């Protein structure tokens, strides 16, 4: 399967790889797709390019 | 974030919901996206519509 | 530009055409894309294939 | 619903937000999707990455 | 790479496989992507779901 | 039809245009879509954003 992830910019390389590995496991385990068939694609955009219910999303920083 | 999942047809409603929930948790935990921001979208296609490295994928049946 | 619209199944042909025309006008008027460059693509899915903030969306019926 | 907008780079932040708000209204009004379900995603690319009928599209500047 | 092909319904299984193979060869030969990395995904929609320059596309029948 | 090409960064403008023209011909010839209906969209990402079978893809350089 193809899993496309349009996420906000600002995560580390390690966070994005952790996401891709967790999604790969999740897909394999829940729908029985072989790992060899799984293709995860990550695309980053600014928060302003995510407009949900008419409102832009804030920039991600991980500050909390 | 938007997570699009192009998977082969033939899974049960329970399998697809399990996948969507597991992806939601995976994205939340690895990149810190609030659950409220996550949108998972599932599309089903025949196996013949997945052509990886020049080869058609088989149909998913749940059997093996 | 390409505008992909993943919507829930159940709308009439007239509703979907109205949406495509309104999006075409909206894109033309707000960002100055010539109408000739605009391509709107509509895909329908069951409500269960839309999982937002962990929750499945209901089926669209036209009633309420 | 998910509305993905692959547009050419070069618009202002205000033009892109106007587009996302107009698309949100257009979708809500034509197919009856609640605003809370609507997720607009904007991606920018160079004109050379839009190849329509075999021809690349020019860069957008808004000059006219 | 991922190559998504949103085409109008009505083609034979042989036509769609021919398209996927020809795209695989085209991508391999022009940008040097190894065949092993290429994933082609085909989705079919009614002609009415393709609205280009404000106009609906006709249904594909194989006749003319 | 819409053909979306998510490829790794690092190709020349000429390689990407050759790809788009070859895909346009391939689609026209195999499924009979008129060239005027064909819209190819190219998006570039780092190799680390392509995670296939759990493994990131290397950066493309064309060195061989």
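What Rg and what Dmax come out for the protein assembly as shown when only alpha-carbon atoms are used, in angstroms?
Cα only, the protein assembly as shown: 19.4, 62 Å (Rg, Dmax).
Quick one: work out the % antiparallel among DSSP beta bridges in the protein assembly as shown, nearest 5.
Around 50 percent of the beta bridges assigned by DSSP in the protein assembly as shown are antiparallel ones.
Below 8 Å, C-alpha to C-alpha, sequence gap of six or more: please give me the relative contact order for chain A in percent.
Taking the mean separation of contacting Cα pairs over the length of chain A, I get 47 percent.
May I ask for the angle, rounded to the nearest 10°, between helix B:13-31 and the longest principal axis of chain B, with both axes built from Cα atoms and the value confined to 0 to 90°?
That works out to roughly 50 degrees.
How many nanometers, to one decimal and shortest first, lie between the label point of residue D:61 and those of its other copies, if labels sit 7 Å from Cα toward Cβ?
Counterpart label points of residue D:61 in the remaining copies fall at 3.7, 3.7, 4.7, 5.6, 6.2 nm.
In deg cm²/dmol and to the nearest 500, what is the mean residue ellipticity at 222 nm of chain D if only DSSP H runs of at least 4 residues count, each as -39500 (n - 2.57), divided by the residue total?
It lands at -10000 deg cm²/dmol.
What is the distance in Å between the Cα centres of chain F and chain B?
23
Could you pull out which residues in the stretch C:28-64 have an amide N less than 17 Å from a spot 7 Å beyond the Cα of residue C:12, following the Cα-Cβ vector?
C:60-64
Backbone-built Cβ (ideal geometry, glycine too); neighbour counts: all protein chains shown. Where a number appears in this text, it was derived from the coordinates with a stated rule and is not lab data.
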